[PDB]
>>> print(open('upload.cif').read())   # mmCIF, C-alpha atoms and all ligand atoms
data_input
loop_
_atom_site.group_PDB
_atom_site.id
_atom_site.type_symbol
_atom_site.label_atom_id
_atom_site.label_comp_id
_atom_site.auth_asym_id
_atom_site.auth_seq_id
_atom_site.Cartn_x
_atom_site.Cartn_y
_atom_site.Cartn_z
ATOM 1 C CA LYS A 3 204.026 -91.388 27.047
ATOM 2 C CA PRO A 4 202.137 -94.116 28.931
ATOM 3 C CA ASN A 5 203.963 -96.368 31.406
ATOM 4 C CA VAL A 6 203.616 -99.858 29.914
ATOM 5 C CA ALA A 7 204.573 -102.934 31.940
ATOM 6 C CA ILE A 8 204.299 -106.705 31.491
ATOM 7 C CA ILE A 9 202.837 -108.643 34.417
ATOM 8 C CA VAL A 10 203.060 -112.470 34.447
ATOM 9 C CA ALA A 11 203.529 -115.503 36.719
ATOM 10 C CA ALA A 12 205.878 -118.195 35.395
ATOM 11 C CA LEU A 13 207.553 -121.403 36.582
ATOM 12 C CA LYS A 14 211.365 -121.388 36.714
ATOM 13 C CA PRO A 15 213.589 -122.187 34.973
ATOM 14 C CA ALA A 16 211.697 -122.716 31.681
ATOM 15 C CA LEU A 17 209.229 -119.863 32.354
ATOM 16 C CA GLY A 18 206.198 -122.021 31.526
ATOM 17 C CA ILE A 19 202.866 -120.235 31.891
ATOM 18 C CA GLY A 20 200.145 -122.607 30.679
ATOM 19 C CA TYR A 21 198.985 -126.038 29.554
ATOM 20 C CA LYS A 22 196.249 -126.621 26.944
ATOM 21 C CA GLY A 23 194.871 -123.073 27.272
ATOM 22 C CA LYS A 24 194.774 -123.361 31.076
ATOM 23 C CA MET A 25 196.762 -122.006 34.002
ATOM 24 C CA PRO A 26 198.761 -124.809 35.694
ATOM 25 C CA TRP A 27 198.269 -123.310 39.174
ATOM 26 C CA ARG A 28 195.844 -121.459 41.444
ATOM 27 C CA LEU A 29 197.815 -119.118 43.694
ATOM 28 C CA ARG A 30 195.516 -117.168 46.016
ATOM 29 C CA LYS A 31 197.920 -114.374 47.045
ATOM 30 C CA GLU A 32 199.263 -114.033 43.496
ATOM 31 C CA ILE A 33 195.763 -113.452 42.064
ATOM 32 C CA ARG A 34 195.270 -110.813 44.776
ATOM 33 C CA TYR A 35 198.663 -109.204 44.070
ATOM 34 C CA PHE A 36 197.725 -109.084 40.374
ATOM 35 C CA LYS A 37 194.434 -107.334 41.198
ATOM 36 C CA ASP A 38 195.908 -104.694 43.544
ATOM 37 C CA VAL A 39 198.836 -103.791 41.254
ATOM 38 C CA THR A 40 196.812 -103.583 38.016
ATOM 39 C CA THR A 41 194.058 -101.585 39.778
ATOM 40 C CA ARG A 42 196.086 -99.135 41.904
ATOM 41 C CA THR A 43 196.378 -95.534 40.722
ATOM 42 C CA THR A 44 198.067 -92.530 42.345
ATOM 43 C CA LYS A 45 196.535 -89.569 40.496
ATOM 44 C CA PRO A 46 192.802 -88.815 40.711
ATOM 45 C CA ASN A 47 190.649 -88.900 37.540
ATOM 46 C CA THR A 48 192.751 -91.814 36.188
ATOM 47 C CA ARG A 49 192.390 -95.556 35.594
ATOM 48 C CA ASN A 50 194.800 -98.303 34.636
ATOM 49 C CA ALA A 51 194.548 -100.313 31.422
ATOM 50 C CA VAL A 52 194.813 -104.080 31.028
ATOM 51 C CA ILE A 53 195.878 -105.276 27.559
ATOM 52 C CA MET A 54 195.339 -108.898 26.531
ATOM 53 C CA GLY A 55 194.901 -111.346 23.647
ATOM 54 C CA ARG A 56 191.430 -112.436 22.534
ATOM 55 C CA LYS A 57 192.078 -115.959 23.876
ATOM 56 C CA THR A 58 192.978 -114.757 27.394
ATOM 57 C CA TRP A 59 189.812 -112.611 27.348
ATOM 58 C CA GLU A 60 187.733 -115.674 26.390
ATOM 59 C CA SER A 61 189.289 -117.599 29.295
ATOM 60 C CA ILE A 62 188.441 -115.002 31.966
ATOM 61 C CA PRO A 63 185.517 -116.311 34.091
ATOM 62 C CA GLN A 64 182.156 -114.785 33.088
ATOM 63 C CA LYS A 65 181.668 -112.771 36.306
ATOM 64 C CA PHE A 66 185.189 -111.267 36.242
ATOM 65 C CA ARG A 67 184.590 -109.963 32.733
ATOM 66 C CA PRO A 68 185.506 -107.257 32.045
ATOM 67 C CA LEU A 69 188.054 -107.012 34.872
ATOM 68 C CA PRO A 70 186.568 -104.382 37.244
ATOM 69 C CA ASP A 71 188.088 -100.936 37.958
ATOM 70 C CA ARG A 72 190.358 -101.187 34.904
ATOM 71 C CA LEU A 73 190.031 -100.414 31.209
ATOM 72 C CA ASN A 74 190.117 -103.671 29.245
ATOM 73 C CA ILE A 75 191.862 -103.750 25.864
ATOM 74 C CA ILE A 76 191.390 -106.901 23.792
ATOM 75 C CA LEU A 77 193.746 -107.680 20.915
ATOM 76 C CA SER A 78 192.832 -109.446 17.696
ATOM 77 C CA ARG A 79 194.063 -109.114 14.121
ATOM 78 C CA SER A 80 190.424 -108.847 13.027
ATOM 79 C CA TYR A 81 189.616 -105.878 15.267
ATOM 80 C CA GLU A 82 188.885 -102.357 14.158
ATOM 81 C CA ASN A 83 190.143 -99.748 16.622
ATOM 82 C CA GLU A 84 186.932 -98.765 18.420
ATOM 83 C CA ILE A 85 185.492 -98.319 21.916
ATOM 84 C CA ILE A 86 182.890 -101.029 22.631
ATOM 85 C CA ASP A 87 181.714 -99.534 25.936
ATOM 86 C CA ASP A 88 183.105 -97.542 28.910
ATOM 87 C CA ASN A 89 185.257 -100.491 30.025
ATOM 88 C CA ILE A 90 186.055 -102.317 26.763
ATOM 89 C CA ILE A 91 188.272 -101.510 23.783
ATOM 90 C CA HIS A 92 188.930 -103.685 20.722
ATOM 91 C CA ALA A 93 192.254 -103.048 18.949
ATOM 92 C CA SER A 94 194.629 -104.254 16.214
ATOM 93 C CA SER A 95 197.758 -103.304 18.174
ATOM 94 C CA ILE A 96 199.020 -101.693 21.382
ATOM 95 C CA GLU A 97 200.018 -98.546 19.437
ATOM 96 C CA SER A 98 196.496 -98.229 18.014
ATOM 97 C CA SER A 99 194.871 -98.884 21.408
ATOM 98 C CA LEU A 100 196.932 -96.218 23.215
ATOM 99 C CA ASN A 101 195.690 -93.480 20.859
ATOM 100 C CA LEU A 102 192.072 -94.364 21.696
ATOM 101 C CA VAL A 103 191.670 -92.841 25.193
ATOM 102 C CA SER A 104 193.636 -90.482 27.482
ATOM 103 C CA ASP A 105 192.391 -91.262 31.017
ATOM 104 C CA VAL A 106 195.036 -93.968 31.525
ATOM 105 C CA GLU A 107 197.900 -93.837 34.031
ATOM 106 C CA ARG A 108 199.520 -97.290 33.697
ATOM 107 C CA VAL A 109 199.160 -99.962 31.010
ATOM 108 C CA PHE A 110 199.497 -103.643 31.964
ATOM 109 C CA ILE A 111 200.035 -106.459 29.470
ATOM 110 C CA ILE A 112 198.373 -109.459 31.107
ATOM 111 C CA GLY A 113 198.693 -112.208 28.464
ATOM 112 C CA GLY A 114 198.689 -114.584 26.937
ATOM 113 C CA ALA A 115 201.690 -116.293 25.337
ATOM 114 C CA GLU A 116 201.527 -114.807 21.822
ATOM 115 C CA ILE A 117 200.939 -111.335 23.301
ATOM 116 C CA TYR A 118 203.840 -111.646 25.783
ATOM 117 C CA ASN A 119 206.360 -113.134 23.335
ATOM 118 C CA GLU A 120 205.698 -110.327 20.844
ATOM 119 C CA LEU A 121 205.429 -107.292 23.147
ATOM 120 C CA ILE A 122 208.534 -108.248 25.166
ATOM 121 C CA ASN A 123 210.620 -106.811 22.306
ATOM 122 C CA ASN A 124 208.460 -103.695 21.840
ATOM 123 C CA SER A 125 210.063 -100.427 23.020
ATOM 124 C CA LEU A 126 206.877 -99.185 24.738
ATOM 125 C CA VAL A 127 207.270 -101.864 27.428
ATOM 126 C CA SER A 128 209.771 -100.565 29.995
ATOM 127 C CA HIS A 129 208.996 -102.801 32.994
ATOM 128 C CA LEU A 130 208.473 -106.517 33.639
ATOM 129 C CA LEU A 131 206.588 -107.667 36.723
ATOM 130 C CA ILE A 132 207.490 -111.347 36.801
ATOM 131 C CA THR A 133 206.227 -113.575 39.587
ATOM 132 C CA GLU A 134 208.944 -116.219 39.736
ATOM 133 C CA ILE A 135 207.400 -119.532 40.762
ATOM 134 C CA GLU A 136 209.465 -122.484 41.988
ATOM 135 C CA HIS A 137 208.668 -126.176 42.483
ATOM 136 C CA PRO A 138 210.892 -128.993 43.890
ATOM 137 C CA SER A 139 210.246 -130.977 40.693
ATOM 138 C CA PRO A 140 209.327 -128.519 37.871
ATOM 139 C CA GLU A 141 209.207 -131.054 35.008
ATOM 140 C CA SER A 142 206.444 -133.102 36.704
ATOM 141 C CA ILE A 143 203.973 -130.307 35.891
ATOM 142 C CA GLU A 144 202.555 -130.560 32.371
ATOM 143 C CA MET A 145 203.447 -127.513 30.299
ATOM 144 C CA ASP A 146 203.159 -126.704 26.583
ATOM 145 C CA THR A 147 203.180 -122.887 26.703
ATOM 146 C CA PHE A 148 206.345 -120.918 27.494
ATOM 147 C CA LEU A 149 207.764 -117.395 27.668
ATOM 148 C CA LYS A 150 210.485 -116.391 25.203
ATOM 149 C CA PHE A 151 212.100 -113.508 27.082
ATOM 150 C CA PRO A 152 215.658 -112.312 26.505
ATOM 151 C CA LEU A 153 216.120 -111.661 30.238
ATOM 152 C CA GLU A 154 219.885 -111.189 29.704
ATOM 153 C CA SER A 155 218.877 -107.849 28.104
ATOM 154 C CA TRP A 156 216.963 -106.849 31.250
ATOM 155 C CA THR A 157 217.962 -106.046 34.837
ATOM 156 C CA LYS A 158 216.335 -107.549 37.932
ATOM 157 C CA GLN A 159 215.745 -104.482 40.101
ATOM 158 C CA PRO A 160 216.047 -104.386 43.911
ATOM 159 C CA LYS A 161 212.965 -105.077 46.059
ATOM 160 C CA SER A 162 212.949 -101.374 47.041
ATOM 161 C CA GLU A 163 212.240 -100.363 43.420
ATOM 162 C CA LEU A 164 209.373 -102.871 43.175
ATOM 163 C CA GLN A 165 207.912 -101.573 46.460
ATOM 164 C CA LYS A 166 208.063 -98.050 44.999
ATOM 165 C CA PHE A 167 206.287 -99.359 41.885
ATOM 166 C CA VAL A 168 203.440 -101.168 43.683
ATOM 167 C CA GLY A 169 203.006 -98.526 46.413
ATOM 168 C CA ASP A 170 201.710 -99.762 49.771
ATOM 169 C CA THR A 171 201.111 -103.335 48.517
ATOM 170 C CA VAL A 172 202.467 -105.991 50.902
ATOM 171 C CA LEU A 173 205.406 -107.829 49.305
ATOM 172 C CA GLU A 174 206.059 -111.108 51.130
ATOM 173 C CA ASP A 175 209.151 -113.192 50.397
ATOM 174 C CA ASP A 176 209.035 -116.890 49.441
ATOM 175 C CA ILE A 177 205.274 -117.451 49.438
ATOM 176 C CA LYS A 178 204.528 -121.147 50.053
ATOM 177 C CA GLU A 179 201.271 -122.391 48.507
ATOM 178 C CA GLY A 180 201.270 -126.188 48.478
ATOM 179 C CA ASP A 181 204.391 -127.357 46.651
ATOM 180 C CA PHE A 182 204.796 -123.945 44.972
ATOM 181 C CA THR A 183 207.062 -121.163 46.243
ATOM 182 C CA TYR A 184 207.207 -117.713 44.623
ATOM 183 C CA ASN A 185 208.525 -114.165 44.667
ATOM 184 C CA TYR A 186 207.450 -110.940 42.988
ATOM 185 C CA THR A 187 210.150 -109.271 40.862
ATOM 186 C CA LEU A 188 210.738 -106.124 38.796
ATOM 187 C CA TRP A 189 212.767 -105.864 35.589
ATOM 188 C CA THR A 190 213.903 -102.866 33.522
ATOM 189 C CA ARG A 191 215.656 -102.662 30.130
ATOM 190 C CA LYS A 192 219.463 -102.552 29.978
HETATM 191 N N1 LIG B 1 200.657 -117.335 33.980
HETATM 192 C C1 LIG B 1 200.218 -116.150 33.551
HETATM 193 O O1 LIG B 1 200.552 -114.961 34.227
HETATM 194 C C2 LIG B 1 199.351 -116.086 32.325
HETATM 195 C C3 LIG B 1 199.218 -117.208 31.509
HETATM 196 N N2 LIG B 1 198.374 -117.196 30.433
HETATM 197 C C4 LIG B 1 198.293 -118.419 29.610
HETATM 198 O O2 LIG B 1 198.629 -118.162 28.257
HETATM 199 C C5 LIG B 1 197.870 -118.982 27.389
HETATM 200 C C6 LIG B 1 197.157 -118.114 26.359
HETATM 201 O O3 LIG B 1 198.103 -117.589 25.450
HETATM 202 P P1 LIG B 1 197.825 -117.634 23.868
HETATM 203 O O4 LIG B 1 197.322 -118.983 23.517
HETATM 204 O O5 LIG B 1 199.007 -117.088 23.173
HETATM 205 O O6 LIG B 1 196.614 -116.597 23.688
HETATM 206 P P2 LIG B 1 196.562 -114.989 23.741
HETATM 207 O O7 LIG B 1 195.906 -114.533 24.980
HETATM 208 O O8 LIG B 1 197.920 -114.416 23.609
HETATM 209 O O9 LIG B 1 195.665 -114.633 22.458
HETATM 210 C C7 LIG B 1 196.152 -114.869 21.156
HETATM 211 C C8 LIG B 1 195.351 -113.997 20.206
HETATM 212 O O10 LIG B 1 195.717 -112.638 20.349
HETATM 213 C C9 LIG B 1 195.669 -111.982 19.096
HETATM 214 N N3 LIG B 1 196.981 -111.383 18.796
HETATM 215 C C10 LIG B 1 198.217 -111.968 18.929
HETATM 216 N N4 LIG B 1 199.164 -111.077 18.562
HETATM 217 C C11 LIG B 1 198.553 -109.928 18.200
HETATM 218 C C12 LIG B 1 199.040 -108.706 17.747
HETATM 219 N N5 LIG B 1 200.350 -108.520 17.604
HETATM 220 N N6 LIG B 1 198.154 -107.687 17.449
HETATM 221 C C13 LIG B 1 196.792 -107.888 17.602
HETATM 222 N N7 LIG B 1 196.315 -109.103 18.052
HETATM 223 C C14 LIG B 1 197.180 -110.107 18.346
HETATM 224 C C15 LIG B 1 195.255 -113.020 18.067
HETATM 225 O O11 LIG B 1 193.861 -112.881 17.913
HETATM 226 P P3 LIG B 1 193.082 -113.310 16.575
HETATM 227 O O12 LIG B 1 193.351 -114.768 16.277
HETATM 228 O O13 LIG B 1 191.599 -113.129 16.815
HETATM 229 O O14 LIG B 1 193.529 -112.435 15.428
HETATM 230 C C16 LIG B 1 195.589 -114.330 18.747
HETATM 231 O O15 LIG B 1 194.763 -115.386 18.320
HETATM 232 C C17 LIG B 1 196.891 -119.758 28.255
HETATM 233 O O16 LIG B 1 197.379 -121.070 28.423
HETATM 234 C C18 LIG B 1 196.902 -119.033 29.584
HETATM 235 O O17 LIG B 1 196.711 -119.925 30.657
HETATM 236 C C19 LIG B 1 197.650 -116.070 30.130
HETATM 237 C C20 LIG B 1 197.760 -114.934 30.925
HETATM 238 C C21 LIG B 1 198.614 -114.939 32.028
HETATM 239 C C1 LIG B 2 196.891 -115.374 37.446
HETATM 240 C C2 LIG B 2 196.762 -113.858 37.543
HETATM 241 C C3 LIG B 2 197.931 -113.170 36.830
HETATM 242 N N1 LIG B 2 199.082 -112.934 37.604
HETATM 243 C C4 LIG B 2 200.201 -112.308 37.051
HETATM 244 N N2 LIG B 2 201.283 -112.080 37.781
HETATM 245 N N3 LIG B 2 200.177 -111.914 35.716
HETATM 246 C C5 LIG B 2 199.045 -112.142 34.938
HETATM 247 N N4 LIG B 2 199.052 -111.753 33.666
HETATM 248 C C6 LIG B 2 197.926 -112.767 35.490
HETATM 249 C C7 LIG B 2 196.781 -112.983 34.657
HETATM 250 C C8 LIG B 2 195.823 -113.150 33.910
HETATM 251 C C9 LIG B 2 194.662 -113.360 33.033
HETATM 252 C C10 LIG B 2 193.496 -113.930 33.844
HETATM 253 C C11 LIG B 2 193.052 -113.155 34.914
HETATM 254 C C12 LIG B 2 192.005 -113.580 35.728
HETATM 255 O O1 LIG B 2 191.588 -112.797 36.767
HETATM 256 C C13 LIG B 2 192.489 -112.840 37.899
HETATM 257 C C14 LIG B 2 191.381 -114.800 35.466
HETATM 258 C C15 LIG B 2 191.816 -115.587 34.396
HETATM 259 C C16 LIG B 2 192.875 -115.160 33.584
HETATM 260 O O2 LIG B 2 193.313 -115.915 32.521
HETATM 261 C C17 LIG B 2 192.928 -117.303 32.537
#
>>> encode(input="upload.cif", output="structure tokens", more="lines below")
Ligand SMILES: NC(=O)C1=CN([C@@H]2O[C@H](COP(=O)(O)OP(=O)(O)OC[C@H]3O[C@@H](n4cnc5c(N)ncnc54)[C@H](OP(=O)(O)O)[C@@H]3O)[C@@H](O)[C@H]2O)C=CC1
Ligand SMILES: CCc1nc(N)nc(N)c1C#CCc1cc(OC)ccc1OC
Amino acid sequence: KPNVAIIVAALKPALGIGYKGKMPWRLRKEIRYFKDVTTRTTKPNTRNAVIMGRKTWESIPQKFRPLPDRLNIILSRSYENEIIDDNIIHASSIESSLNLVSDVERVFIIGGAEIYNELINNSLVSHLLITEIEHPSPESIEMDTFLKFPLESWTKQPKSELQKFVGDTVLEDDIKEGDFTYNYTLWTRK
């Protein structure tokens, strides 16, 4: 089996993630956390996979595309299940994409909304890496895109389990970037 996790940054308490196809924030440490965790492998001869919707792919800046050091899987309902090049796979589903290569250690679902809100209730996903973002006045930030997670069916793990998961990665508490404050968290199924 492949270890499949969801990684996302969301604003509490509504868990908003975007506005008009855009990200409502630019968090410099968070971006860097995202990179290190999705890239890091333990075993040699392995890579990690990043799975995403077509729209999230289209929104990734030209030069960061495909996301380096990781296998990129792009999801569309139009896609045949084929390898485009060494770094890029097109797929109809996660299940179809997993049966396409075997060099993968960890699989990370990286967005967007339609992808998250569907794969949250898929049994393959065993971990959630949610960056919980806070703001003194959350409603002042314009938001039309939200997570629909039944978090009552999941367990927020201790920091020690997250540290285990992300290896040596530095996990700072209450990161203050402008008016935003955030923490990295780990969730497992009940
Ligand atoms: N804060 C965060 O950590 C993140 C936030 N975001 C935000 O999310 C938003 C984007 O989300 P969203 O608009 O939903 O776009 P998505 O990235 O989720 O892409 C949607 C597309 O994915 C394809 N798709 C959806 N479900 C499936 C499925 N079950 N099987 C195969 N393909 C599927 C469809 O492609 P098709 O139509 O071609 O068939 C659909 O049009 C943006 O606002 C972005 O800023 C994104 C990533 C991270
Ligand atoms: C913002 C980076 C990020 N952090 C967390 N915790 N989860 C995520 N899924 C993401 C993401 C994403 C997609 C994306 C990545 C990117 O390179 C960093 C640039 C743009 C992106 O979508 C607009």
>>> resolve_selection(input="upload.cif", expression="the PyMOL selection byres (((not hetatm)) within 8 of (chain B and resi 1))", output="PyMOL selection string")
chain A and resi 9-12+18-26+54-59+61+76-81+93-96+112-118+120-121+133+147
>>> residues_around(input="upload.cif", residues="residue 174 (chain A)", least_positions_apart="4", cutoff="10 Å", atoms="all atoms listed in the file", output="list in words")
residues 31, 184, 185 and 186 of chain A
>>> resolve_selection(input="upload.cif", expression="the PyMOL selection byres (((chain A and resi 126) around 9) and not hetatm)", output="PyMOL selection string")
chain A and resi 3-7+96-97+121+123-125+127-128
>>> write_last_selection(input="upload.cif", atoms="C-alpha atoms", output="PDB file, in the frame of the given file")
ATOM      1  CA  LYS A   3     204.026 -91.388  27.047  1.00  0.00           C
ATOM      2  CA  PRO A   4     202.137 -94.116  28.931  1.00  0.00           C
ATOM      3  CA  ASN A   5     203.963 -96.368  31.406  1.00  0.00           C
ATOM      4  CA  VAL A   6     203.616 -99.858  29.914  1.00  0.00           C
ATOM      5  CA  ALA A   7     204.573-102.934  31.940  1.00  0.00           C
ATOM      6  CA  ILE A  96     199.020-101.693  21.382  1.00  0.00           C
ATOM      7  CA  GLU A  97     200.018 -98.546  19.437  1.00  0.00           C
ATOM      8  CA  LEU A 121     205.429-107.292  23.147  1.00  0.00           C
ATOM      9  CA  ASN A 123     210.620-106.811  22.306  1.00  0.00           C
ATOM     10  CA  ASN A 124     208.460-103.695  21.840  1.00  0.00           C
ATOM     11  CA  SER A 125     210.063-100.427  23.020  1.00  0.00           C
ATOM     12  CA  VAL A 127     207.270-101.864  27.428  1.00  0.00           C
ATOM     13  CA  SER A 128     209.771-100.565  29.995  1.00  0.00           C
TER      14      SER A 128
END
>>> residues_around(input="upload.cif", residues="residue 72 (chain A)", least_positions_apart="3", cutoff="8 Å", atoms="all atoms listed in the file", output="list in words")
residues 40, 41, 49, 50, 51, 52, 69 and 89 of chain A
>>> write_last_selection(input="upload.cif", atoms="C-alpha atoms", output="mmCIF file, keeping the file's coordinate frame")
data_model
loop_
_atom_site.group_PDB
_atom_site.id
_atom_site.type_symbol
_atom_site.label_atom_id
_atom_site.label_comp_id
_atom_site.auth_asym_id
_atom_site.auth_seq_id
_atom_site.Cartn_x
_atom_site.Cartn_y
_atom_site.Cartn_z
ATOM 1 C CA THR A 40 196.812 -103.583 38.016
ATOM 2 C CA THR A 41 194.058 -101.585 39.778
ATOM 3 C CA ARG A 49 192.390 -95.556 35.594
ATOM 4 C CA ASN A 50 194.800 -98.303 34.636
ATOM 5 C CA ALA A 51 194.548 -100.313 31.422
ATOM 6 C CA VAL A 52 194.813 -104.080 31.028
ATOM 7 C CA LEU A 69 188.054 -107.012 34.872
ATOM 8 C CA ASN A 89 185.257 -100.491 30.025
#
>>> closest_residue(input="upload.cif", among="A:65, A:166, A:129, A:137", to="residue 191 (chain A)", atoms="all atoms listed in the file")
A:129
>>> axis_aligned_box(input="upload.cif", around="region 79-88 of chain A", padding_each_side="5 Å", output="JSON")
{"center_x": 187.9, "center_y": -103.3, "center_z": 21.0, "size_x": 22.3, "size_y": 21.6, "size_z": 25.9}
>>> atom_distance(input="upload.cif", atom1="CA of residue 103 (chain A)", atom2="CA of residue 44 (chain A)")
18.3 Å
>>> atom_distance(input="upload.cif", atom1="CA of residue 192 (chain A)", atom2="CA of residue 160 (chain A)")
14.5 Å
>>> residues_around(input="upload.cif", residues="residue 183 (chain A)", least_positions_apart="3", cutoff="9 Å", atoms="only C-alpha atoms", output="ChimeraX atom specification")
/A:134-137,176-180
>>> resolve_selection(input="upload.cif", expression="the PyMOL selection byres (((chain A and resi 161) around 9) and not hetatm)", output="compact mmCIF listing (two decimals) with C-alpha atoms, in the coordinates of the input")
# COMPACT_ATOMS: atom_id res chain seq x y z
CA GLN A 159 215.74 -104.48 40.10
CA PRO A 160 216.05 -104.39 43.91
CA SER A 162 212.95 -101.37 47.04
CA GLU A 163 212.24 -100.36 43.42
CA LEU A 164 209.37 -102.87 43.18
CA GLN A 165 207.91 -101.57 46.46
CA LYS A 166 208.06 -98.05 45.00
CA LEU A 173 205.41 -107.83 49.30
CA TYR A 186 207.45 -110.94 42.99
CA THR A 187 210.15 -109.27 40.86
CA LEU A 188 210.74 -106.12 38.80
>>> residues_around(input="upload.cif", residues="residue 119 (chain A)", least_positions_apart="5", cutoff="7 Å", atoms="only C-alpha atoms", output="list in words")
residues 149, 150 and 151 of chain A
>>> write_last_selection(input="upload.cif", atoms="C-alpha atoms", output="compact mmCIF listing (two decimals), keeping the file's coordinate frame")
# COMPACT_ATOMS: atom_id res chain seq x y z
CA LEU A 149 207.76 -117.40 27.67
CA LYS A 150 210.48 -116.39 25.20
CA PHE A 151 212.10 -113.51 27.08
>>> closest_residue(input="upload.cif", among="A:82, A:181, A:144, A:60", to="ligand LIG 2 (chain B)", atoms="all atoms listed in the file")
A:60
>>> atom_distance(input="upload.cif", atom1="atom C17 of ligand LIG 2 (chain B)", atom2="CA of residue 63 (chain A)")
7.6 Å
>>> closest_residue(input="upload.cif", among="A:102, A:13, A:88, A:132", to="ligand LIG 2 (chain B)", atoms="all atoms listed in the file")
A:132
